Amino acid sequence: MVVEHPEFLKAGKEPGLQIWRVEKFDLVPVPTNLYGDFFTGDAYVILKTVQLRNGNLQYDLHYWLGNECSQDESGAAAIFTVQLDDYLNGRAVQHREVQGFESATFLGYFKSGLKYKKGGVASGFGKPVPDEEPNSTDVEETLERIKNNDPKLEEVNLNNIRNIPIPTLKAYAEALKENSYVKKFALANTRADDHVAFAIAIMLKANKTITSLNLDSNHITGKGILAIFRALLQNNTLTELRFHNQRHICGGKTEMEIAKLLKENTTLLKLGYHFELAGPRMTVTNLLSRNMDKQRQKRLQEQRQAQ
């Protein structure tokens, strides 16, 4: 939109001269008997309105910059010039006037002549490295807890845990299958692989609860990745998925298949991955952006109810 403000509303009503001074990020009128006396430590916006035969108004906007004026003030003049011009529907011509270099037209506006006075209102302007605190989750204990459907477990973080056996990771997936309490599951940097990814994919067809899964920094490959993304065809719960930093990058036909596979997913809102190719990278970004806006469409028809 376009800005209103009380001086905007008085601006360019009729032939004449208006002069404002930038004061602490606001536009303030210069008293009409002070016109032509310009503090060299300040910045000004000047509007020259002329009558046209039609009865409409010709505008000229000049912004006057004092040599000692501070950066915010002069930056503010230039911007105020722009907003004022916009507000007038772009019909004003913009002139930059610096002290000592001013236009003859500008100077011609003061019959009595232009004075500089020193001074003005004051500016509106006003480590460690590698190791801390290993991950203490007990894998066994936790795996157990998932089987029994423990409602105290809403979060499972295996991140950075070294030396977990693959069939145990596989077992976690098998265990998460009917769980109704685990919304989050982070295995980053576990040396997990495609078998683990396959298991997880199977899991995701049945599982209605987990919203967030983190595979970062693993050995998963394109067939692991992809297997998960086909699975997500049957899954409307998972909103977030992160595979950053696998040991070997999948290549383009994998990135392509990802962006393809996700076309029919209405659900996932976030994908951690670094796409090498911009084409899929963009496609995926548009899809996630569509899915996210549906969550706003609901939310609105939700909001559109309470009367």
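For every residue, the number given is its place in the sequence shown, counted from 1.
Per the record, residue 126 and residue 127 are separated by 10 or more deposited residues that are missing from the model. 86 to 94 and 72 to 80 differ in mean CA B-factor, and the higher of the two is recorded for 86 to 94. Per the PDB record, of the two stretches 133 to 141 and 183 to 191, 133 to 141 carries the greater mean B-factor over its C-alpha atoms. Of the candidates 218, 168, 159, 103, it is 168 whose Cα B-factor is highest according to the PDB record.
Residue 263: CA B factor lies in the middle third for its chain, per the PDB record. In the deposited entry, the Cα temperature factor of residue 295 places it in the highest third of its chain's modelled residues.
When the CA B factors of the chain's modelled residues are split into thirds, the value for residue 121 lands in the lowest one. Annotation for residue 57: C-alpha temperature factor in the middle third relative to the rest of the modelled chain, per the entry.
Ranked by Cα temperature factor within the chain, residue 45 sits in the lowest third according to the deposited record.
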